[PDB]
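Q: Provided herewith is a single structure, encoded as C-alpha cells, for subsequent inquiry.
In this analysis, Cβ positions are derived from the backbone assuming ideal geometry, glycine residues included, and neighbour counts consider all displayed protein chains. Each answer follows from the model by the rule given with it, or from the source it names; none is laboratory data.
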Amino acid sequence: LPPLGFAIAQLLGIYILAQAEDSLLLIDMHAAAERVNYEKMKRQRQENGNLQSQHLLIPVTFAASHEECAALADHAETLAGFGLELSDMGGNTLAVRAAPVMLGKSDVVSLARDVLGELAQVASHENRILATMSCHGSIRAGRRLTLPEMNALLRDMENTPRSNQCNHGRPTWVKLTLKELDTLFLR
Amino acid sequence: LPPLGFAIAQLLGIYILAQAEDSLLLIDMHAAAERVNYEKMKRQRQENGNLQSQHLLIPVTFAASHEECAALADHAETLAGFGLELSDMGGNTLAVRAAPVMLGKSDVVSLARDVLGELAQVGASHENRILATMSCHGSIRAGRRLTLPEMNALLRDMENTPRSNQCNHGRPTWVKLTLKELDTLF
Amino acid sequence: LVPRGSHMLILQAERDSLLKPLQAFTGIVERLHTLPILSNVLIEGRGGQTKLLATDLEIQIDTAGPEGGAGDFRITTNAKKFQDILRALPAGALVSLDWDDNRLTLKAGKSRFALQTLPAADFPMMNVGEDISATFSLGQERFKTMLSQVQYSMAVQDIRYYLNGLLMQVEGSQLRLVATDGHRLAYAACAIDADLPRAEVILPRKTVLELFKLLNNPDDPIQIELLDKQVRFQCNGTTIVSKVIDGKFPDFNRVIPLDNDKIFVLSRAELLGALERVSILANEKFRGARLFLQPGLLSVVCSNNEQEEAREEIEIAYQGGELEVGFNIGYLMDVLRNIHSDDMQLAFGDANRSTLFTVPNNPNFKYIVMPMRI
Amino acid sequence: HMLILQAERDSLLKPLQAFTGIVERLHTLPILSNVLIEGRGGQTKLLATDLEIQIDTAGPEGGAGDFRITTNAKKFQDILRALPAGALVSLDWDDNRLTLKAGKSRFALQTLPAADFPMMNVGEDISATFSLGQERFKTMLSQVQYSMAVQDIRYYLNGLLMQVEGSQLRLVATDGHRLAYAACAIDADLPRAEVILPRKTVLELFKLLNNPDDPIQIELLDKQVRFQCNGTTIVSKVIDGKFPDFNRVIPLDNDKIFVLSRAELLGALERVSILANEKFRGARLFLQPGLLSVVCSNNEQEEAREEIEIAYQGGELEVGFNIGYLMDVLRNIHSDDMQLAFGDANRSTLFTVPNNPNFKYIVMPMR
Amino acid sequence: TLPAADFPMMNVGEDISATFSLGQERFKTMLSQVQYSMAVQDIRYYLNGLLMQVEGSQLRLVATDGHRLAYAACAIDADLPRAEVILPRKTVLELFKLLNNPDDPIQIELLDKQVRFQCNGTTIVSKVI
C-alpha cells in the first residue's frame, strides 16, 4: 500500500529499496539522510524560537582562523538562535560550550568552523545557514544501515521529504521500472 | 576466490542482486539456474549414466493420462535413469516416489509428465529432453531464495560450468550496471 | 617412549572445575578475528597445576585451572567449541583431555570429542612492563561499587579517545574513578592503605567491563599495579593485564559546580519511577524533560511529536526559589538506576549551568549533568 | 637529509641474509618485523630478534657515523636483492623516511625508532664456554635433528638437548616416539651442564655453520645460550624444563642384530611405501635367517613387497614401523652400512652405525 | 586393474576440415608468446583458451583476458581456407609439454569441433570451446 517502501541491501554507499509496485528504487545515501533529515530542522525552526540545544560540560577549543570573531562576537544572537554557543577563551582561541542536539553524535569543531564563515554577510535572512549544518551532522560514512530501520529510514525520509529534496540537484530516489530492467538486458 | 559477485538481496521477484568489486549485478535467477541445471544434469548424465534421485514425503497425485500409465508399464528403468521413480495408484493415476535432486521444491508433476509423455514412441535416441523441457523447474520461479546463505551458491553458477555468456537464446542473465550509475541520478 | 599416535593423557577434572576457569576467558576472546589463534584459549600444565589464559592483544587474562599432572604441557584450542562442549556435559561429569598430534580428545561419559589445536609458540603473550609506578590494594566490594557508580558516564567511541575509558587516579591514600562522556560526569572516591604519589591511567571500556565481571568475592581484596602504560589487576587467583588509553584526561575540578543553592533531597526510587513514567510520552530520539521546582513540589513534564504530554509531581522538602530546567532524561535515569541508596540530594544553580547529584552523608560520590534548553 | 650509509650491494645484502630466518613476517609487535641498523665509529651492525632468538652481525663499513634506525626486513632485503651485482647503495635519513638510492632507483621506506627495538637482556653469568669445528657441529646437528618434535604439546621436546660433561658433548633429540643420540669429544673439561636448544635456534644454527674450517664458540649463560662464529652472534633462550633421561630409552640387550646396506633398504622402503593406507601407513618388516622382507598394503588390497638378503640367523620377528622414522635416519646418516638391533614387537629397535659408538637411533614400533 | 571395455575412448571426429603441419619449435615459440595472455577461470568461458586461426598460408594464435591481448602469427606450408578453433587451456599446456622435438614437424588437423595434434608418435585429440 504505502508508496516507496522497501529495504534491500545498501551495498557500500548507496542505499537500495525495491518493492514499489514492480519498480525498484535506490536511496542516494546519508546524502539523503541529511537533506531530508534537516528540512525538518527548518520545520522545527518555526515550532519554537530557537533550535533545541545541549550544554557541554567540558568546552571544546579550536583554531578559528582569524579568530572568526567578526562573525561570533557581533552575531551572537542568531548564532545562539541556531543552536551553537561559543565563548572567546583567550586570543585566537574559541571554545564551544553548547551545541544543537540534532547534530547529536560529535565533532562540534567542524560544525562551528564551517558555520562561522557562512554567516559573513550584511540581506539578513540566510537559509543557507541550515544547509551547511546538514551536510555533516547526520548518519556518517561508517556502520551499515540498521535493518530494524532499513525500510523505516526510507519511509521516514519520504514522509517529511519535499519531492526531490535536490540538495545537490540529483534526485535522491531514482525510478527504475521492471520494464526498464528488462530493456537494459542488452541482447 | 574473488567471484562473479557476492549476493546481497532479491529484486522484486525475478532478479538476484550481488555486490562485487565493480557494482551490484542483476542475475536472472531462473535463466541462470536453468543454464546451470542443464549443464550439471548433462554432466551427471554423461557420467554414471543416470541422474541423481531423491525420495520424499507426500507424493503428488499425478492424475496420469491414459497412455502415460502404459508408458510407465514400459521399462521404467529409463525413468529411474532420469531420477524420477513413480508408482501407479490405480485406474489411471500415478504418484512420484522419487524426484531428481537439483530441481525439487515443487511441481514435480510437470517433470514426471514431461519425461513420461516422452516415453511414448520408443525409438530415447534424442536425449535433448534434459533441456528446458526437463529443466522446466530451473530455480524458484518467482518465490523466495532463502535468507542469503544459499544465494551465493547460485552466484557460483558459472564457476567450472561452461555456456555462461550466451543463454538459450542470447539474452544476458547478469550484469548491466557498473559503479558509474551516478548518471542515473541526473 | 610410546607408540606413535597413541592417546596420551594430559588432563582430567570434574566438569565445573574446568568450566568455571574457562568462563573468565570469553569476554575478551573475539570469536572471529584476523588471527585464528586469537579465537583460542591456552591451557598450560606445570608440576601438576593448570593455568588457563586468553588475550585480545589488549587484555590478557589468566587464572588457575583445575589440578592434574602428567607431563608439563601447553595447548591452545578453540574457546567457543571447548566451552560449549563443557557446558553441554552433565553437572558433575568427569572430563579427560588426551592429545594425539594436532588433535585434542575430550572423553566424558559415553562422549568423545576430537577438537583441533594450534601451536602454543604461536599464541601471542602480552609483554608485561617491569617498571611499577604504584602498587595498592582494596576490597573487591568497594572497588566494584565504585566501578558501578562511575562506569555509566563514559562515552562509547567518541572522537576524543581519552573519553572512552575510566580515569583511575591515585594520590596519597586516595583512589578516584572518574568517567565522563561529553556532557555528563561521574566521580567516585575511596581511601586506600598506602601513601602513593599521584598517578593516573585511563582504563579501556572493555577492561572496565571485564574487571566488573572479575570482582566476584565481596570480602576478598584486589590488588592494582600501575605499570608503565599498563595496568595489572590481581584477585581470586586471576590476573588481568591491560593496555591503557594514551592521553590527558580532562581536569574534573573545573567541572564540578560549587555554588548550587537550590538543594533538596528526595527518594531515588520514586524519582526514577516518575522519570520512567514521564519518558513514555516524550520524544523517542532526544527525550527533553522539563523539571519545574517550586516550594514543596517538583514536576517532571515531557512531550513528543504527536502533541501528547505526560506530567508527574513529587512532594519534596523545598522552600527556595522556583526553577525551570531542561534535561536529557537518560542522564537523569542512569544515576538513579546505578545507585542503590534510598535518598538522593539534588542541587541546582540556574537553568544554564551544572546540576549536582549526591548521596546524603556520602562525600565519596558526585554526579554532574548539564542541562539542555528545551 | 643526512646521508647515513653507503656500501656495495653485496656488502649489505650478505650481512642481511643472516637475519631473514628469525624475523617473523607477520608479528604482533610491528618493530619485530624490522631489522635494526646501528652505525658507530664507522662500523655498521645489523641486528634482528623475535624475543626468543637475537642474531647480530657486522655489516659493511664506511662513514656510518652514530646512527640507529629500524626498517622493514623483508622489503629492505627484497630491494637489495633486486639491485645489480656491484651496485653502490646509499641510505639517506630524513626524519621518518629512509631513502635508498642505487643507480637510477630511489625507494622511500618507512622506519621505526631504535629506542623501541626490544634488545635481548643478554646475560652476563657464563657457566661453561667451549668451542669446536663448525663441520663436526653441523654433522652432529644433522645426525640428531630429525628426531625432534615439532609443535608438540610437551614443549621441552620441541628442541634439542645439548649436554656437556667432562670432555664430551652430546646432542639428544626425541618426540616421544623416537630418539637420536650423538656424541663427540670436545677439547674442554667442563662440569656436567645441559640446555634445551629450541627448534628454531637449531635451524638457524644449522644455517650459520657455513665455514667448514673455522670454529664456533658456545657459551652457556643462566637459561640462555650464545653461539659465536663467522662474525655472527646468536643469543637464544633455552626451553624451561627437564629433558627426558635418554639412558632409560636406549636399549642395551636387543639381540637380533644384523648389518645391511643403507641405500638398498632406503630404496626398498621408497618402493614399497607407494601402496599403504595414508593416515596410518605402517610398513611391516619380516626378519628371518638370511632374509629381511619389507611389505606394505593399502585399503584397496594392493600389496607391495621387497626382499633384501642379509647375514642373520637368530629366530624370526615381524615388526611394524612408520616409514618416516626409518627414512629419516636412512637419509641423514652418511654411512654405507647400518646395523639393526631388534628385541620384539613391544621393545624398541636400535639403529647404529657399525663400529661407531657415538651415534644411536631408537624407534618405537607400532602394532 | 579395471577392464578396457569400460575405459571410454573419445568420439574422434571424422570430417577433416583442415590439415597442415609445421616445425615444432616454431609452434612452441608461438604458444609461449601467446599463452600468458589467456584468462584463468574467467566467467567468459571463451576467453579461458587460445584462438587458433588459419587463413591462406597464415597461422595465427590469439589470447586475451579482457584487459590484455597477445597475437602471434607465422607462414605455413598450406593454402587452407579460413577456420578458427578455441583450444582449451589444459590442451594448450599439454601440447606445450608435447612439443619436445624442435626439428621434427607437428601435424594439426581440425575436425568437426575437435582438433588432433600428431607428432613424435603421439596423438592428442581435444574438444574445442
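Q: Can you name the residue in the stretch C:18-48 that is outside any loop (DSSP other than H, G, I, E, B) and of a type in the set (D, E, K, R) and is also farthest from C:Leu118 (Cα to Cα) among such residues?
A: C:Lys20
Q: Within the stretch C:49-62, take every residue that is farther than 12 Å from C:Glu210 by Cβ and assigned to a strand (DSSP E or B) and give me the one that is nearest to the chain's Cα centre (by Cα).
A: Across the stretch C:49-62, the extreme among qualifying residues is C:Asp62.
Q: Here's a follow-up. Tell me which residues, restricted to the stretch D:57-70, are buried (at least 17 other Cβ atoms within 10 Å of the Cβ) and more than 22 Å from D:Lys207 (Cβ to Cβ).
A: Answer for the stretch D:57-70, where residues must be buried (at least 17 other Cβ atoms within 10 Å of the Cβ) and more than 22 Å from D:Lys207 (Cβ to Cβ): D:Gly62, D:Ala64, D:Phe67, D:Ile69, D:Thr70.
Q: Does at least one position in the stretch C:45-56 carry a residue that is more than 23 Å from C:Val208 (Cα to Cα), within 14 Å of chain D (Cβ to nearest Cβ), surrounded by 15 or more Cβ atoms within 10 Å (Cβ to Cβ) and β-branched (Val, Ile, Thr)?
A: Yes: one or more hits.
Matching residues to (1) touching a helix residue (DSSP H, G or I) at 6+ places or on another chain (Cβ under 8 Å); (2) farther than 25 Å from D:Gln145 by Cα; (3) among the hydroxyl-bearing types (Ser, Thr, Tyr); (4) more than 14 Å from every other protein chain (Cβ to nearest Cβ):
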{"site": "D:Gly267", "(1), (2), (3), (4)": "no, no, no, yes"}
{"site": "D:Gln288", "(1), (2), (3), (4)": "no, yes, no, yes"}
{"site": "D:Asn298", "(1), (2), (3), (4)": "no, yes, no, yes"}
{"site": "D:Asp337", "(1), (2), (3), (4)": "yes, no, no, yes"}
{"site": "D:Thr352", "(1), (2), (3), (4)": "no, no, yes, yes"}
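Q: If only one of C:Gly65, C:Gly71 is of a type outside the set (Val, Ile, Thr), away from every other protein chain (no Cβ under 14 Å) and either part of a loop (DSSP other than H, G, I, E, B) or farther than 15 Å from C:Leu115 by Cβ (or both), which one is it?
A: Answer to the selection: C:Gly65.
Q: If you go through the stretch C:325-335, how many residues are closer than 19 Å to C:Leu281 by Cβ and away from chain A (no Cβ under 14 Å)?
A: The total comes to 1.
Q: Moving on. In this structure, does C:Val359 turn out to be closer than 20 Å to C:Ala155 by Cβ and under 26 Å from the mean Cα position of the chain (by Cα)?
A: When the stated conditions are applied, C:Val359 does not pass them.
Q: Kindly evaluate B:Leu84 against the criterion of being farther than 30 Å from E:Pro8 by Cα and either more than 14 Å from chain A (Cβ to nearest Cβ) or among the basic types (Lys, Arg) (or both).
A: Answer is no for this residue.
Q: Which members of the stretch B:6-24 meet the condition of being more than 9 Å from every other protein chain (Cβ to nearest Cβ) and surrounded by fewer than 23 Cβ atoms within 10 Å (Cβ to Cβ)?
A: Hits for the stretch B:6-24 are B:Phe6, B:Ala20, B:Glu21, B:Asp22.
Q: Exactly one condition in (1) polar (S, T, N, Q); (2) on the phi > 0 side of the Ramachandran plot; (3) within 14 Å of chain E (Cβ to nearest Cβ) is not met by B:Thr173; state its number.
A: All conditions are met except number (2).
Q: Next question. Among (1) closer than 30 Å to A:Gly5 by Cβ; (2) buried (at least 17 other Cβ atoms within 10 Å of the Cβ); (3) under 16 Å from the mean Cα position of the chain (by Cα), there is one condition A:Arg43 misses while meeting the rest; what is its number?
A: Result: A:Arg43 fails condition (2) only.
Q: If you don't mind, there's one more thing I want to ask. Within the stretch A:176-187, track down each residue that is facing another protein chain (nearest Cβ under 7 Å) and not aliphatic (A, V, I, L, M).
A: Of everything in the stretch A:176-187, those that are facing another protein chain (nearest Cβ under 7 Å) and not aliphatic (A, V, I, L, M) turn out to be A:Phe185, A:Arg187.
Q: Next up: When you go through (1) more than 22 Å from the chain's Cα centre (by Cα); (2) not in a loop (DSSP other than H, G, I, E, B) one by one for C:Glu130, which number turns out not to apply?
A: Single failed check for C:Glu130: (2).
Q: Only one of C:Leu38, C:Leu42 is within 13 Å of chain D (Cβ to nearest Cβ), crowded, with 19+ Cβ neighbours inside 10 Å, within 25 Å of C:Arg112 (Cβ to Cβ) and among the hydrophobic types (A, V, I, L, M, F, W, C). Can you tell me which?
A: Going through C:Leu38, C:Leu42 in turn, just one is within 13 Å of chain D (Cβ to nearest Cβ), crowded, with 19+ Cβ neighbours inside 10 Å, within 25 Å of C:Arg112 (Cβ to Cβ) and among the hydrophobic types (A, V, I, L, M, F, W, C): C:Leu42.
Q: Something else now. At least 2 residues that are on the phi < 0 side of the Ramachandran plot and polar (S, T, N, Q) in each: list the strands (runs of 3 or more DSSP E) lying fully within the stretch C:245-352 that qualify.
A: Here the list reads C:297-303.
Q: Of everything in the stretch C:101-124 that's in a loop (DSSP other than H, G, I, E, B) and surrounded by 19 or more Cβ atoms within 10 Å (Cβ to Cβ), which residue is nearest to the other protein chains (Cβ to nearest Cβ)?
A: C:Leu118
Q: Could you go through the stretch C:356-371 and let me know if any residue there is within 14 Å of chain A (Cβ to nearest Cβ), in a loop (DSSP other than H, G, I, E, B) and either among the small types (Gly, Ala, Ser) or surrounded by 17 or more Cβ atoms within 10 Å (Cβ to Cβ) (or both).
A: Looking through the stretch C:356-371, at least one residue is within 14 Å of chain A (Cβ to nearest Cβ), in a loop (DSSP other than H, G, I, E, B) and either among the small types (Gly, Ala, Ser) or surrounded by 17 or more Cβ atoms within 10 Å (Cβ to Cβ) (or both).
Q: May I ask you to verify whether B:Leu146 is surrounded by fewer than 15 Cβ atoms within 10 Å (Cβ to Cβ) and outside the structural domain of B:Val101 (by CATH)?
A: So B:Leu146 passes the test.
Q: Being of a type in the set (A, V, I, L, M), surrounded by fewer than 19 Cβ atoms within 10 Å (Cβ to Cβ) and within 14 Å of another protein chain (Cβ to nearest Cβ), is that true of even one residue in the stretch C:12-20?
A: Within the stretch C:12-20, not a single residue is of a type in the set (A, V, I, L, M), surrounded by fewer than 19 Cβ atoms within 10 Å (Cβ to Cβ) and within 14 Å of another protein chain (Cβ to nearest Cβ).
Q: C:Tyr162 passes all but one of (1) assigned to a helix (DSSP H, G or I); (2) within 14 Å of chain A (Cβ to nearest Cβ); (3) under 24 Å from C:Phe327 (Cα atoms); which number fails?
A: Exception for C:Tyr162: condition (3).
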